[PDB]
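I have placed the structure first, in the form of C-alpha cells, so that the comments after it can refer back to it.
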Amino acid sequence: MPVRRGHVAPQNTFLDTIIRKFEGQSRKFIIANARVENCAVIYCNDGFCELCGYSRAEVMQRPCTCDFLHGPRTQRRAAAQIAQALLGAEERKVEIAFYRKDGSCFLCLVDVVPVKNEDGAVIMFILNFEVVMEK
C-alpha cells in the first residue's frame with residue numbers, strides 16, 4: 001500500500017481476558033472504521049485468526065472486505081454485496097466462499113453490524129464470520 005494510518009493506543013491485557021470470559025467471544029468478528037472509505041480493520045477477535053489461519057499483524061491496516069480471501073470458487077456478486085453493505089446504515093448478511101491458509105475452502109456468512117455514535121450516525125462496522133458450508 002502507498003500510505004497507512006496507525007494511532008492504536010495500548011489497551012489492558014490481563015483484564016481484557018476477564019471481558020473475553022464474561023462476553024459471547026465464542027464467534028469470529030472484527031471492527032472497522034466506517035468513516036475511512038476502504039473501512040480499515042481497527043480491531044479483531046481471537047476466533048477470526050484461527051478460522052482463516054492469518055494473524056492480527058496481517059489483517060490490521062487492511063479493508064474489512066477481506067478481498068484477499070477470494071479463490072476460484074468465490075462469488076463476484078457476493079464480494080460486491082459485502083462492499084455495498086458498508087454503504088448502508090442497517091445490518092446486512094452476505095454468503096461467500098473463502099480460502100484458509102492451509103489450502104482448504106468454505107462458505108462463510110459475513111454479517112455487518114453497524115455501530116452508531118452518541119450523535120446517531122454510523123462510525124464503526126463490526127463484521128462477523130460464520131461457516132455455513134465447509135468445502
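Each chain of the C-alpha cells is named A, B, ... in the order shown, its residues numbered from 1; ligands are numbered from 1 in display order.
When the distance limit is 6 Å and only C-alpha atoms are what count, the residues near stretch 52-54 of chain A, minus those fewer than 2 positions from it on the same chain, are residues 49, 50, 100 and 101 of chain A.
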The selected residues should be written to file as a compact mmCIF listing (two decimals), in the first residue's frame (atoms: C-alpha atoms).
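That gives us result-v2.txt:
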# COMPACT_ATOMS: atom_id res chain seq x y z
CA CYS A 49 -7.36 -15.64 13.34
CA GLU A 50 -7.76 -19.45 13.78
CA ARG A 100 -7.97 -20.94 4.60
CA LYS A 101 -4.11 -20.63 4.69
Within 7 Å of residue A:92, counting only C-alpha atoms, which residues show up once you throw out same-chain ones fewer than 6 positions away? Write them as a PDB file with N, CA, C and O atoms, in the first residue's frame, please.
ATOM      1  N   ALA A  85     -22.654  -3.401   1.503  1.00  0.00           N
ATOM      2  CA  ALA A  85     -23.124  -3.420   2.892  1.00  0.00           C
ATOM      3  C   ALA A  85     -22.487  -2.298   3.747  1.00  0.00           C
ATOM      4  O   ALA A  85     -23.118  -1.792   4.674  1.00  0.00           O
ATOM      5  N   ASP A 111     -21.619 -11.077   8.256  1.00  0.00           N
ATOM      6  CA  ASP A 111     -22.680 -10.231   8.801  1.00  0.00           C
ATOM      7  C   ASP A 111     -22.086  -8.908   9.295  1.00  0.00           C
ATOM      8  O   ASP A 111     -21.350  -8.906  10.279  1.00  0.00           O
ATOM      9  N   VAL A 112     -22.400  -7.794   8.626  1.00  0.00           N
ATOM     10  CA  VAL A 112     -22.020  -6.453   9.101  1.00  0.00           C
ATOM     11  C   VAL A 112     -23.093  -5.913  10.041  1.00  0.00           C
ATOM     12  O   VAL A 112     -24.271  -5.851   9.695  1.00  0.00           O
ATOM     13  N   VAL A 113     -22.652  -5.497  11.223  1.00  0.00           N
ATOM     14  CA  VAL A 113     -23.462  -4.886  12.273  1.00  0.00           C
ATOM     15  C   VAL A 113     -22.988  -3.431  12.413  1.00  0.00           C
ATOM     16  O   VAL A 113     -21.838  -3.218  12.809  1.00  0.00           O
TER      17      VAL A 113
END
(request) Within 9 Å of residue A:56, counting only C-alpha atoms, which residues show up once you throw out same-chain ones fewer than 6 positions away? Write them as a PyMOL selection string, please. (result) chain A and resi 43-46+49
(message) To test your reading of the structure, identify every residue in chain A that backbone DSSP assigns to alpha helix (DSSP H), and report it as a list in words.
(response) residues 14, 15, 16, 17, 18, 19, 20, 21, 22, 47, 48, 49, 50, 51, 52, 56, 57, 58, 59, 76, 77, 78, 79, 80, 81, 82, 83, 84 and 85 of chain A
Could you write out that same residue set with N, CA and C atoms as a PDB file, in the first residue's frame?
ATOM      1  N   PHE A  14      -4.415  -8.341  30.767  1.00  0.00           N
ATOM      2  CA  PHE A  14      -4.917  -9.330  31.730  1.00  0.00           C
ATOM      3  C   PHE A  14      -6.415  -9.159  32.000  1.00  0.00           C
ATOM      4  N   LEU A  15      -6.840  -7.907  32.209  1.00  0.00           N
ATOM      5  CA  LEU A  15      -8.244  -7.550  32.418  1.00  0.00           C
ATOM      6  C   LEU A  15      -9.084  -7.880  31.180  1.00  0.00           C
ATOM      7  N   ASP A  16      -8.531  -7.689  29.980  1.00  0.00           N
ATOM      8  CA  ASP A  16      -9.219  -7.986  28.713  1.00  0.00           C
ATOM      9  C   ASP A  16      -9.639  -9.457  28.588  1.00  0.00           C
ATOM     10  N   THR A  17      -8.897 -10.355  29.243  1.00  0.00           N
ATOM     11  CA  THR A  17      -9.233 -11.785  29.334  1.00  0.00           C
ATOM     12  C   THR A  17     -10.485 -12.002  30.176  1.00  0.00           C
ATOM     13  N   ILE A  18     -10.767 -11.136  31.150  1.00  0.00           N
ATOM     14  CA  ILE A  18     -11.953 -11.250  32.014  1.00  0.00           C
ATOM     15  C   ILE A  18     -13.195 -10.846  31.221  1.00  0.00           C
ATOM     16  N   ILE A  19     -13.094  -9.781  30.416  1.00  0.00           N
ATOM     17  CA  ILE A  19     -14.140  -9.403  29.455  1.00  0.00           C
ATOM     18  C   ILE A  19     -14.391 -10.548  28.464  1.00  0.00           C
ATOM     19  N   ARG A  20     -13.345 -11.155  27.892  1.00  0.00           N
ATOM     20  CA  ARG A  20     -13.490 -12.253  26.923  1.00  0.00           C
ATOM     21  C   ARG A  20     -14.147 -13.507  27.527  1.00  0.00           C
ATOM     22  N   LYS A  21     -13.880 -13.812  28.801  1.00  0.00           N
ATOM     23  CA  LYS A  21     -14.532 -14.904  29.544  1.00  0.00           C
ATOM     24  C   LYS A  21     -16.014 -14.614  29.847  1.00  0.00           C
ATOM     25  N   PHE A  22     -16.336 -13.361  30.188  1.00  0.00           N
ATOM     26  CA  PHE A  22     -17.693 -12.911  30.510  1.00  0.00           C
ATOM     27  C   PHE A  22     -18.549 -12.714  29.247  1.00  0.00           C
ATOM     28  N   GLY A  47     -10.913 -15.563  17.391  1.00  0.00           N
ATOM     29  CA  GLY A  47     -11.525 -16.646  16.614  1.00  0.00           C
ATOM     30  C   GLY A  47     -11.317 -16.477  15.114  1.00  0.00           C
ATOM     31  N   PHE A  48     -11.375 -15.230  14.623  1.00  0.00           N
ATOM     32  CA  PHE A  48     -11.154 -14.885  13.210  1.00  0.00           C
ATOM     33  C   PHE A  48      -9.768 -15.374  12.728  1.00  0.00           C
ATOM     34  N   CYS A  49      -8.739 -15.208  13.574  1.00  0.00           N
ATOM     35  CA  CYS A  49      -7.356 -15.636  13.341  1.00  0.00           C
ATOM     36  C   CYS A  49      -7.253 -17.143  13.060  1.00  0.00           C
ATOM     37  N   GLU A  50      -7.809 -17.985  13.935  1.00  0.00           N
ATOM     38  CA  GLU A  50      -7.756 -19.447  13.779  1.00  0.00           C
ATOM     39  C   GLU A  50      -8.681 -19.974  12.663  1.00  0.00           C
ATOM     40  N   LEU A  51      -9.791 -19.276  12.389  1.00  0.00           N
ATOM     41  CA  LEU A  51     -10.756 -19.599  11.329  1.00  0.00           C
ATOM     42  C   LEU A  51     -10.127 -19.485   9.927  1.00  0.00           C
ATOM     43  N   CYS A  52      -9.322 -18.447   9.665  1.00  0.00           N
ATOM     44  CA  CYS A  52      -8.667 -18.240   8.362  1.00  0.00           C
ATOM     45  C   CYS A  52      -7.187 -18.678   8.301  1.00  0.00           C
ATOM     46  N   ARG A  56      -3.488 -11.001  13.424  1.00  0.00           N
ATOM     47  CA  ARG A  56      -3.795  -9.571  13.637  1.00  0.00           C
ATOM     48  C   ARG A  56      -2.816  -8.670  12.870  1.00  0.00           C
ATOM     49  N   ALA A  57      -1.509  -8.904  12.979  1.00  0.00           N
ATOM     50  CA  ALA A  57      -0.465  -8.148  12.268  1.00  0.00           C
ATOM     51  C   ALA A  57      -0.640  -8.100  10.731  1.00  0.00           C
ATOM     52  N   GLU A  58      -1.302  -9.101  10.136  1.00  0.00           N
ATOM     53  CA  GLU A  58      -1.551  -9.194   8.692  1.00  0.00           C
ATOM     54  C   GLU A  58      -2.899  -8.572   8.300  1.00  0.00           C
ATOM     55  N   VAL A  59      -3.933  -8.742   9.137  1.00  0.00           N
ATOM     56  CA  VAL A  59      -5.306  -8.243   8.892  1.00  0.00           C
ATOM     57  C   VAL A  59      -5.491  -6.787   9.369  1.00  0.00           C
ATOM     58  N   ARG A  76     -18.361 -13.261  -7.300  1.00  0.00           N
ATOM     59  CA  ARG A  76     -18.096 -11.825  -7.508  1.00  0.00           C
ATOM     60  C   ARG A  76     -19.286 -10.934  -7.117  1.00  0.00           C
ATOM     61  N   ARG A  77     -20.520 -11.444  -7.246  1.00  0.00           N
ATOM     62  CA  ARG A  77     -21.763 -10.778  -6.811  1.00  0.00           C
ATOM     63  C   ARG A  77     -21.832 -10.650  -5.279  1.00  0.00           C
ATOM     64  N   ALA A  78     -21.377 -11.660  -4.533  1.00  0.00           N
ATOM     65  CA  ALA A  78     -21.296 -11.622  -3.068  1.00  0.00           C
ATOM     66  C   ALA A  78     -20.162 -10.703  -2.584  1.00  0.00           C
ATOM     67  N   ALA A  79     -18.993 -10.748  -3.238  1.00  0.00           N
ATOM     68  CA  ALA A  79     -17.896  -9.799  -2.992  1.00  0.00           C
ATOM     69  C   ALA A  79     -18.357  -8.335  -3.149  1.00  0.00           C
ATOM     70  N   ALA A  80     -19.274  -8.089  -4.094  1.00  0.00           N
ATOM     71  CA  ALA A  80     -19.933  -6.799  -4.289  1.00  0.00           C
ATOM     72  C   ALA A  80     -20.896  -6.477  -3.142  1.00  0.00           C
ATOM     73  N   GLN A  81     -21.785  -7.409  -2.772  1.00  0.00           N
ATOM     74  CA  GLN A  81     -22.745  -7.179  -1.692  1.00  0.00           C
ATOM     75  C   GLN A  81     -22.045  -6.873  -0.359  1.00  0.00           C
ATOM     76  N   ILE A  82     -20.899  -7.498  -0.037  1.00  0.00           N
ATOM     77  CA  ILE A  82     -20.092  -7.115   1.144  1.00  0.00           C
ATOM     78  C   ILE A  82     -19.617  -5.657   1.055  1.00  0.00           C
ATOM     79  N   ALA A  83     -19.114  -5.210  -0.100  1.00  0.00           N
ATOM     80  CA  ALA A  83     -18.684  -3.822  -0.301  1.00  0.00           C
ATOM     81  C   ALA A  83     -19.858  -2.827  -0.232  1.00  0.00           C
ATOM     82  N   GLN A  84     -21.016  -3.178  -0.805  1.00  0.00           N
ATOM     83  CA  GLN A  84     -22.232  -2.365  -0.727  1.00  0.00           C
ATOM     84  C   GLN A  84     -22.838  -2.353   0.688  1.00  0.00           C
ATOM     85  N   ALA A  85     -22.654  -3.401   1.503  1.00  0.00           N
ATOM     86  CA  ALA A  85     -23.124  -3.420   2.892  1.00  0.00           C
ATOM     87  C   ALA A  85     -22.487  -2.298   3.747  1.00  0.00           C
TER      88      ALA A  85
END
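When only C-alpha atoms are used to compute distances to residue A:9, the closest of the residues A:62, A:35, A:42, A:68 turns out to be A:42.
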(request) Considering only C-alpha atoms, state which residue in the set A:103, A:86, A:122, A:74 is at the smallest distance from residue A:37. (result) A:86
(request) Mind checking which residues fall within 12 Å of residue A:33, counting only C-alpha atoms, ignoring those fewer than 3 positions away in the same chain, and posting them as a ChimeraX atom specification? (result) /A:5,30,36-43,60-64,86,114-117,122-127
(message) Based on the backbone DSSP call, show me all residues of stretch 13-92 of chain A assigned strand (DSSP E), as JSON, numbers by chain.
(response) {"A": [28, 29, 30, 31, 32, 33, 41, 42, 43, 44, 92]}
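Note that the spacing between atom CA of residue A:34 and atom CA of residue A:66 amounts to 15.0 Å.
If only C-alpha atoms are the atoms counted, then among A:89, A:72, A:94, A:55 the closest residue to residue A:128 is A:94.
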(request) Would you mind reading off the distance between atom CA of residue A:71 and atom CA of residue A:3, one decimal, in Å? (result)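 The value is 26.4 Å.
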(request) Point out the residue among A:23, A:67, A:118, A:95 with the least atom-to-atom distance to residue A:133, counting only C-alpha atoms. (result)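 For residue A:133, the nearest of the candidates is A:95.
Using only C-alpha atoms, the nearest neighbour of residue A:27 within the list A:99, A:110, A:135, A:120 is A:110.
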